[PDB]
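> return a 3D structure for these sequence lines:
(chains A, B, C and D, ligands or ions: 6)
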Amino acid sequence: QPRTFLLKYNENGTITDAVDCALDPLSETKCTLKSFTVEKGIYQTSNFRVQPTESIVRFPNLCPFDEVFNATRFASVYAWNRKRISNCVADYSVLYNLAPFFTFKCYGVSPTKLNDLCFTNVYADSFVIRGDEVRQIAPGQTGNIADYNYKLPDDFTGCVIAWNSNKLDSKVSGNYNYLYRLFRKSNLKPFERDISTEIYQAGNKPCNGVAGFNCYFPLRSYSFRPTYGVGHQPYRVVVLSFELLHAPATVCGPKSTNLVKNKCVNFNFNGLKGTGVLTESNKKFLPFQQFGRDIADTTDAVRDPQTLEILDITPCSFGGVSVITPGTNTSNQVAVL
Amino acid sequence: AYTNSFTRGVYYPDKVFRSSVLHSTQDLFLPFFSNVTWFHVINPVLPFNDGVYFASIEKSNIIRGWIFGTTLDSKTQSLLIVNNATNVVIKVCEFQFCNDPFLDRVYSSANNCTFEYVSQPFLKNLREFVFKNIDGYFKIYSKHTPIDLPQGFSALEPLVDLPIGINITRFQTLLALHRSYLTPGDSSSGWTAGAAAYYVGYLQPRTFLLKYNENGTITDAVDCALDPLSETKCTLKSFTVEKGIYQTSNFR
Amino acid sequence: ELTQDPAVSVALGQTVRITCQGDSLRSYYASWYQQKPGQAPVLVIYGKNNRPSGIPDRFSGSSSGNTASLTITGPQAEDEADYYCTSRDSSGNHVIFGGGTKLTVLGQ
Amino acid sequence: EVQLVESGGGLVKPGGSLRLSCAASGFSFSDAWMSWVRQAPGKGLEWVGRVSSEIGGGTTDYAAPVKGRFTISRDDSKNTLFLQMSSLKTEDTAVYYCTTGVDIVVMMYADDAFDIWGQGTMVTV
Ligand SMILES: *[C@@H]1O[C@H](CO)[C@@H](O)[C@H](O)[C@H]1NC(C)=O
Ligand SMILES: *[C@@H]1O[C@H](CO)[C@@H](O)[C@H](O)[C@H]1NC(C)=O
Ligand SMILES: *[C@@H]1O[C@H](CO)[C@@H](O)[C@H](O)[C@H]1NC(C)=O
Ligand SMILES: *[C@@H]1O[C@H](CO)[C@@H](O)[C@H](O)[C@H]1NC(C)=O
Ligand SMILES: *[C@@H]1O[C@H](CO)[C@@H](O)[C@H](O)[C@H]1NC(C)=O
Ligand SMILES: *[C@@H]1O[C@H](CO)[C@@H](O)[C@H](O)[C@H]1NC(C)=O
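Residues are numbered from 1 along each chain as shown, chains lettered A, B, ... in the order given. Ligands and ions are numbered 1, 2, ... in the order given. For reference, the structure is listed below:
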């Protein structure tokens, strides 16, 4: 182990004894006096101080943000809407632990590190799709909806949220307001909407708007009913995206840890880094005053930015130690003061 | 038109609570027993220097706003305050102010902007204002007390700290009236409001001995450069001096 | 407030550059529309660098900080029209449009 | 798919009221973003306002020079747009176009792209 020793070199040049300063108060006294014998008396060997127990942080408050993840009627898959968010903190902690969220899959960012980095802009994409194509929403694969309604780029970043709507979209009479396309001449580019509902033209025949035979209407209707089982239920899917390195950072979530008292801890009250014990005090600040000083410019009190409470700060216990020994002549017992 | 200032114009310099201590503060203060120009409404542009102390003894709130900036009405950014019946608006838009801005709704034209702020309204009563701009911070200190300047001592609490870093060298006051033509280049026209007088004082770098009571409120101060007794008090760091001979400073 | 030159004089077979100056062109990438004389405006250049379907591969757009540029390769005599740049402001989120520019043909 | 038709407009004394009707068909009308644009004769295009879609909240915006004095609305049942004008001025003599913001574009921005336009109508005050 790494410690401090006092080696005794003889006239011959070979060490013949040693003492370990970390064993006993007597050994500490021997090291302090740099000798192997101590006479009767009281000696001040060192000084002790209680170590800090933990750390706390106190920062200001946050944004509220609810509306996009719970609305009345979500937009269709072929007419998905987008939202713009700026100059407000993104508290994703409330959504990470929420109960009825079923799907959380992404690749660009870590599932738990999304709040440790700061972004610039936030884009929210909201639509409703059947539960069969939840796997299909990932970029890379093709087919229905993924190529005809909503396509994602290969370098897409961000995490999407999907949840069931068993008791919020099912109707006994039947709902058909949710539409999707199965016939498109070209391929949809990533992050592109298709709103035109022109009838499909198949090679030939004069159905170029006549809407007759050998031509089908591309926008078909969904089949959304309590008699349906797993696989046909409508799933609400929201897609979050962002861009970086094109503007100053504006949107990102907040530490603001819990407050503890009556023990020497490390505190950070909007700065003012230090270590000490926190106790309630009767001192009365002015509204604009944050912290107070005693004689000789010593931090006596501080105001918690969260609850505006008045806290008295004093250093935790410290002091010197003294070892009472009757001398190595008689015995080796010691007492500590 | 000159009038004594007495012990008015002191404010809180550091926003730090202190109880029953004597603290020597070196900052931008108004000298005690200084001379301040006295204006009577019944408004020329003045230099800003290191700072300006503004006070009025006018009831009914005729005085409502001011102008600040360097090269006023030019391309350089400028600062403006208006106190409405509901809120105070502080506008930083480099507005092109007129010769006689406001004698009644808007005293300047709109332009490109960089900072805006709206807060609670600022306003036989005394109102005192101190304007400063150092290390890129614009600060205003204000106080109110029902009531020449009374001898009463009162410390001005800080009000707003604007992180903006514009440059200011000249200012002008704004007064309110009624039944006026809003002439941009003419003043004193139309109906005149109630009797109003305001003062202008210029701050200087001074050392002060501020006494804090048991509740953290400044209750007295000493201007170290006013007279030899004040020098002795500052050197002793106390408000009382015993009989004797004291070596205070040096002559050069 | 976007700023554009009044008119551009480029001969046939030469690259034509159309500029649009604006303070907030770092974000909200500008969109270019072509308005024929006595006709409704049409979309030519939008998005990052692409164009709507049906537009011939002759117009390309690029941006650099607070400057937006339009490039024409192999100009014909039917391109004599007005070009407008449209951007967005951060606060009001308005399209504000632009002052436009005039492009002509220097043929015989 | 797509045809946009403009109705209304003409000669009217200043301070009167006029309503402009724009009808669109062939594309889906509740779930798309419209906008209004004007253009003075011999001048450039000028924005008028926006109506947006009810799927996401009504955030109908107006241009600064004509804020408050113009009324906009959307009626998805009859697929018609009504634009009401009040407190007309002498500078309102221009042509008005009803423009669909997005038909086929990569948006990645606010829902405003101005893909397809209309023929427009003439109004004089
Ligand atoms: C060192 O060497 C000498 C010579 O042999 C010897 O006498 C002496 O005892 C040695 N040192 C010790 C401490 O024994
Ligand atoms: C921060 O939010 C908490 C939560 O209720 C509240 O008690 C506290 O007063 C807030 N502080 C500020 C400065 O808004
Ligand atoms: C040991 O020696 C010290 C040195 O003076 C002396 O004070 C002490 O009385 C001695 N103790 C005994 C038991 O002889
Ligand atoms: C801002 O306004 C000032 C005066 O109004 C003007 O001189 C300056 O050129 C403007 N700057 C910009 C970027 O618009
Ligand atoms: C503000 O501008 C004036 C000139 O109008 C200049 O003399 C002064 O130095 C400027 N302020 C600072 C802090 O440089
Ligand atoms: C300080 O405040 C307390 C409670 O507000 C009051 O009882 C006391 O008289 C005050 N003391 C002084 C010197 O103002």
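> drop to CA atoms for contacts and neighbour counts, all remaining ones
Will do.
> nearest residue to the residue of the stretch 151-252 of chain B found nearest chain D other than its sequence neighbours?
Closest approach between the stretch 151-252 of chain B and chain D, counting by C-alpha to the nearest C-alpha: residue B:182, at 23.6 Å. Nearest residue to residue B:182, sequence neighbours excluded (C-alpha to C-alpha, 6 or more residues apart in numbering or on different chains): residue B:103, at 6.0 Å.
> quick check: which element contains that neighbour?
Secondary structure assignment for residue B:103, by DSSP states H and E: no helix or strand.
> touching, it and residue B:178? I think so.
Yes. Judged on C-alpha atoms under 8 Å, residue B:103 makes contact with residue B:178 at a distance of 7.5 Å.
> the two: who's more crowded?
residue B:103 (25 against 12; other C-alpha atoms under 10 Å in any protein chain shown).
> show me the helices in chain B, by range?
Listed in chain order, the helices of chain B (DSSP state H) span B:228-236.
> residue in it nearest to chain D?
Closest point on chain B to chain D, by C-alpha to the nearest C-alpha, is residue B:110, at 12.9 Å.
> show me the contacts for that residue.
Residues near residue B:110 by C-alpha atoms under 8 Å, 6 or more residues apart in numbering or on different chains: B:93, B:95.
> not counting sequence-adjacent ones, nearest residue to the residue most central in space within chain A?
In chain A, the centroid-proximal residue (C-alpha atoms, centre = their mean) is residue A:115; its distance is 4.0 Å. Using C-alpha to C-alpha, 6+ apart and skipping the chain neighbours, the partner closest in space to residue A:115 is residue A:253 (5.8 Å).
> equivalent analysis for residue A:10, please.
Computed as C-alpha to C-alpha, 6+ apart, the closest residue to residue A:10 that is not its neighbour in sequence is residue A:16, at 6.9 Å.
> distance of the one you found from residue B:249?
From residue A:16 across to residue B:249, the span is 66 Å (C-alpha to C-alpha, to the nearest Å).
> residue B:46 too?
Taking C-alpha to C-alpha, one finds residue B:46 at 36 Å from residue B:249.
> the more surrounded of those two?
Comparing residue B:46 with residue B:249 by other C-alpha under 10 Å, the one with more neighbours is residue B:46, at 13 against 10.
> show me what contacts the more buried one?
Counting by C-alpha under 8 Å, 6+ apart, residue B:46 makes contact with B:170, B:171, B:172.
> partners of the second one in the sheet?
Note on residue B:171: beta-bridge partners by DSSP bridges are residue B:46, residue B:68.
> repeat that for the one 4 residues further on.
Listed beta-bridge partners, residue B:175: residue B:63 (assigned using DSSP bridges).
> ok, now how distant is it from residue B:108?
From residue B:175 over to residue B:108 (counting by C-alpha to C-alpha), the distance is 14 Å.
> what about the nearest residue to residue A:100 once chain neighbours are set aside, how many neighbours?
Nearest non-adjacent residue to residue A:100, counting by C-alpha to C-alpha, 6+ apart: residue A:163, 6.5 Å away. Number of residues near residue A:163 (other C-alpha under 10 Å) recorded here: 17.
> mind checking how far the host helix or strand of residue A:163 is from the chain centre?
Applying DSSP H and E as the criterion places residue A:163 in strand A:160-164. What separates the centre of strand A:160-164 from the centre of its chain is 20 Å, taken as C-alpha atoms, centre = their mean, to the nearest Å.
> which other helices and strands contact it?
Identification of packing neighbours for strand A:160-164 by 3 or more C-alpha pairs under 8 Å, 6 or more residues apart in numbering or on different chains; DSSP states H and E yields strand A:103-105, strand A:234-243.
> how about the residue in the stretch 101-250 of chain B that ligand 2 sits nearest to, what does it touch?
Nearest residue of the stretch 101-250 of chain B to ligand 2: residue B:119, at 16.1 Å (C-alpha to the nearest ligand atom). Neighbour list for residue B:119: B:87, B:88, B:89 [criterion: C-alpha under 8 Å, 6+ apart].
> ok, so what distance separates the residue sitting nearest the centre point of chain B from residue B:17?
Compute the mean C-alpha point of chain B, and by C-alpha atoms, centre = their mean the closest residue is residue B:130, 2.2 Å away. As judged by C-alpha to C-alpha, residue B:130 and residue B:17 stand 21 Å apart.
> cool, and residue B:111?
41 Å.
> so between these two, which is more surrounded?
Ranked by neighbour count (other C-alpha under 10 Å), residue B:111 and residue B:17 place residue B:17 first, with 24 against 11.
> my guess is the more buried one meets residue A:292, correct?
Yes. Counting by C-alpha under 8 Å, residue B:17 does reach residue A:292; the two are 4.2 Å apart.
> quick one: secondary structure of residue C:106?
Classification of residue C:106 using DSSP: H, G, I helix; E, B strand; the rest coil returns coil.
> name the nearest residue to it, ignoring sequence neighbours.
residue C:11 (5.1 Å).
> which ones are touching that neighbour?
Going by C-alpha under 8 Å, 6+ apart, residue C:11 touches C:105, C:106, C:107.
> what strand or helix carries it?
Residue C:11 belongs to no helix or strand, assigned by DSSP H and E.
> neighbours around the closest residue to residue B:112 other than its chain neighbours, how many?
Excluding its sequence neighbours, the residue lying closest to residue B:112 (C-alpha to C-alpha, 6+ apart) is residue B:93, at 5.5 Å. Other residues lying near residue B:93 total 19 when counted by other C-alpha under 10 Å.
> what about residue B:93, distance to residue B:183?
For residue B:93, the distance to residue B:183 - C-alpha to C-alpha - is 22 Å.
> same deal with residue C:59?
54 Å.
> closest residue of the stretch 201-337 of chain A to chain D?
Across the stretch 201-337 of chain A, no residue is closer to chain D than residue A:209, which sits at 9.1 Å (C-alpha to the nearest C-alpha).
> number of nearby residues for residue D:76?
12.
> so how far is chain A from it?
Distance, residue D:76 to chain A, by C-alpha to the nearest C-alpha, to the nearest Å: 14 Å.
> what sits against that residue?
D:29, D:30.
> let me know the secondary structure of the residue most central in space within chain D.
By C-alpha atoms, centre = their mean, chain D has its centre lying nearest to residue D:36, at 2.7 Å. Classification of residue D:36 by three-state DSSP places it in strand.
> and the gap between it and residue B:24?
Taking C-alpha to C-alpha, one finds residue D:36 at 66 Å from residue B:24.
> show me which residues of chain B sit near ligand 4.
Counting by C-alpha under 6 Å from any ligand atom, chain B comes close to ligand 4 at B:75, B:94, B:111, B:112.
> most neighbours among these, which one is it?
Greatest neighbour count in the residues of chain B next to ligand 4, by other C-alpha under 10 Å, goes to residue B:94: 26 neighbours.
> so that one makes contact with residue B:70?
No. Residue B:94 lies out of contact with residue B:70 (C-alpha under 8 Å); the separation is 9.9 Å.
> got a list of what the nearest residue to residue B:117 once chain neighbours are set aside touches?
For residue B:117, ignoring the flanking residues on the chain, the nearest one in space by C-alpha to C-alpha, 6+ apart is residue B:90 at 5.4 Å. Residue B:90 sits next to B:79, B:80, B:81, B:82, B:116, B:117, B:118 when contact means C-alpha under 8 Å, 6+ apart.
> buried among those? Make that a ChimeraX selection.
This is how ChimeraX selects the buried members of the contacts of residue B:90, with burial counted by 16 or more other C-alpha atoms under 10 Å in any protein chain shown:
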select /B:79,80,81,82
